[PDB]
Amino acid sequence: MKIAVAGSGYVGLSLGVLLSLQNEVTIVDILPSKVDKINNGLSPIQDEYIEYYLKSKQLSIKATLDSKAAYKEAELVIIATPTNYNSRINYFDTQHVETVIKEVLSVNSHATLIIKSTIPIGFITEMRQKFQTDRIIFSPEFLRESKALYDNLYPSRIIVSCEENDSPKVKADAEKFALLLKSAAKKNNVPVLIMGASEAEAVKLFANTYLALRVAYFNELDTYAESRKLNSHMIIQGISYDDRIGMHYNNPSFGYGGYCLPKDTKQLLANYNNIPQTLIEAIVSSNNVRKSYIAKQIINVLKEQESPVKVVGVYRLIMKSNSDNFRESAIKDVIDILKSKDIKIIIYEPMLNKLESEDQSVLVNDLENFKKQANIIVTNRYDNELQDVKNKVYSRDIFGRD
């Protein structure tokens, strides 16, 4: 089968590689660097499995910037373009998904379009009315960055939407896509669910919102533990032995970050409009409150120091353990608040070459100097190469992961 994938990020790339083993895949992007990298066997993102597959597997995969040439030839088109949350409109800016749908629909009259990009609840229905077709369905993605292909090889579950009154081709394609994902998985018993679009859209948003809920809770517990001078590890460990709570995804941080959790929680809150609820909105504010609290604790550790200048050394900007980006990294909001004061900020981030031209922070990638200059070292996740300056490191990290 010839499949076109719109988007070369974590989602677009892992799906494209995943499906190129027994399908004829063409990935499309609007960045030449990414196309050239793919066509040469290189991943434009750090991913152990994607990297290994591009290099050692036999894949029928090619990249291009010629959208139309790719979409016209396709039997299925998977859209995995960006869907950022836009603060002005109070909603996801869906222009990058809409733009591809229009393009695909203008040069392809048979292909079903499968959206992998996280969208608002009610977007498929809305796109079907706007474009007057039923050839658009949603199949939520549950992958974690740094485990993008891994999570498609060993997925928790597979969900593809289609409506009761959809055409036989679209019902068949929805089923077919679901089974292409199932048979491509190396895991054996992957549950497959076919449900209505809005239901599938909701699943994605509610799943990520629950994960955000979890981090926020353990972060408010941690806020409480630090304020009452209690042993946070002892408390989290004690509540987590209840198998209904679990010992996973429960490591305190400066807040939930990354590309998805931040925006999806906001989207779900907007999709609620005026439906009754208090938790959904609290899940979003909790993150802000946790960030402010962290900044303030840092401010107090600082002022209690006798030094002509107060320097805060920020160790890493990565959004989670092992990450390769800083999207919505919680330490960035903390940094911002700190800047609202008179604190010199130095940042040690190997993965970064230069800070924005106007950034007041100073990038110091010589680790030795970094430690030398920092009065206090602030980091979201602790690292062993900080043992020699251990007593001036502030972090809420307990378990060394996530």
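When you see a residue number, it is the position in the sequence shown, counting from 1.
Taking only CA atoms, the mean B-factor in the PDB entry is higher for 178-186 than for the other of 178-186 and 204-212. Relative to its counterpart among 265-273 and 301-309, 301-309 has the higher mean temperature factor, C-alpha atoms as listed in the PDB entry. Ranked by C-alpha B-factor against the other modelled residues of its chain, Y71 falls in the highest third.
Ranked within its chain, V393 lands in the middle third, by CA B factor from the PDB record. When the modelled residues of the chain are ordered by C-alpha B-factor, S321 sits in the middle third. In the deposited entry, the Cα temperature factor of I194 places it in the middle third of its chain's modelled residues. Per the deposited record, the Cα B-factor of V5 falls in the lowest third when ranked against the other modelled residues of its chain.
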